[PDB]
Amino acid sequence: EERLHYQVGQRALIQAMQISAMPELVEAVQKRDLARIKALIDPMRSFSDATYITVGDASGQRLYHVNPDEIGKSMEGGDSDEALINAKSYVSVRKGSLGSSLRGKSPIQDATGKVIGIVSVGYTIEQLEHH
């Protein structure tokens, strides 16, 4: 019965699962084509009500972030291991550079199931429109 913005986390998780399963994103990540990834994610970032979307490679190095300088740097929050190593999809909460946020995380996988990256869709808590 104890909740931490349950509906927001479910919305984030659903979106991360959907984005991570896109064949075009799987291909762009395999090729490490940054511009292609940006072209695919920007419109989704614009359309979603999420605060941000981050895409990382298999080692957790960012291939996309809303802040340009973060691209090429490692996701050091410590809450990406279960997706990157164990291919789990889940809701996580953490204060990264963009503030305390609820994240939906899901691995990006090739056709054989190998994890090749991660998608994190986040909602910064202080910015939620309360009900």
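Note that residue numbering begins at 1 and tracks the sequence as displayed.
- Set 26-34 against 80-88 and average the Cα temperature factors; 26-34 ends up higher.
- Looking at mean Cα B-factors across 10-18 and 110-118, the upper value is held by 110-118.
- The residue among 99, 56, 104, 72 whose C-alpha carries the highest B-factor in the deposited model is 72.
- In the PDB entry, residue 66 places in the middle third of its chain by CA B-factor.
- In this PDB entry, the Cα temperature factor of residue 50 sits in the middle third of its chain's modelled residues.
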